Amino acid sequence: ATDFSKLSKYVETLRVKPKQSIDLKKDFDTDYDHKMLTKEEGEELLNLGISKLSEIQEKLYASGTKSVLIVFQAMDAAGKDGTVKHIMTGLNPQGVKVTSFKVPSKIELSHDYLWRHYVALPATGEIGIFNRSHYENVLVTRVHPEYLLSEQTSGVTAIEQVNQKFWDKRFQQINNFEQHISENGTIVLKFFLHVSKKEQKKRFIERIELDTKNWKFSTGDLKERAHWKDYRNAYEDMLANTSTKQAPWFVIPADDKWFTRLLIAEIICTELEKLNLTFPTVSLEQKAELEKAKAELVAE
């Protein structure tokens, strides 16, 4: 009945189940038109979600036991960078690291495609946010197989060699990677921000018309949009083969940003709450030390 219980219920429908097939036009909304709360209420609940998340982070850091890896993927202008900024703003910098994986360096191209991601994994007690991730290697690379030609370790000397079997094998490799880290103390949560083609267009135009922001918009941004369908295919096949119970994907409607952020904060808090984190407790010995310390201070 409660608005929070409505949200909690709705959130469980966003998890990609391991056995399901994925049609992003039909099975998953870019916009939710049955919202259980107003924007204003959503904004106030998001702030609580960020505070709860900061509390969890501090308990995680003080514990130094599990690590947390949060992956974000999205089409351009879905609101991924803003979502990451908004979260980061409310967390302590000491225990939290954002890595944005760009075009690989020459050195990175001299290792397997997973190496730079493995290198950047979170240490125990830390939270690692991959803003773009290892998944780029079954997404941007799949839409533009020509990139595989610069990958010395990938074994591809001509794009005609690349077929469904090449992608199936990357999905297995990615799954093995995430299972391993999951079996060795890392909680893995993956978010695809799902924005409609129409809303992407409206965001592109809005930016182009802002004399304050339009220095940021290139011709290349259109080019990736012209591959909308190829990206959708790549995303579908990936979500259908790399969401496990242990490392789930969540598809988040991205067309209303406040709602996107709310949902992501909720899911992260919900999932991390299963860890039952608590702050350190003060033992009798420690209590005696405190009382002694305070006595000495007062005695000065």
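In this text, residue numbers run from 1 along the sequence as written.
Across the two stretches, 31 to 39 and 55 to 63, the PDB entry reports the greater mean Cα temperature factor for 31 to 39. Higher mean CA B-factor, judged across 266 to 274 and 40 to 48 from the recorded values: 40 to 48. Highest CA B-factor among the listed residues (98, 162, 187, 195): 162. By the numbers in the PDB entry, the CA B factor is greatest at 88 among 181, 88, 107, 121. For residue 219, the recorded CA B-factor ranks within the highest third of the chain. Only modelled residues enter the ranking. Among the modelled residues of its chain, residue 199 has a C-alpha B-factor that falls in the middle third, as given in the PDB entry. When the modelled residues of the chain are ordered by C-alpha B-factor, residue 152 sits in the middle third. Ranked by Cα temperature factor within the chain, residue 145 sits in the highest third according to the deposited record. Among all modelled residues in its chain, residue 211 ranks in the highest third by Cα B-factor.
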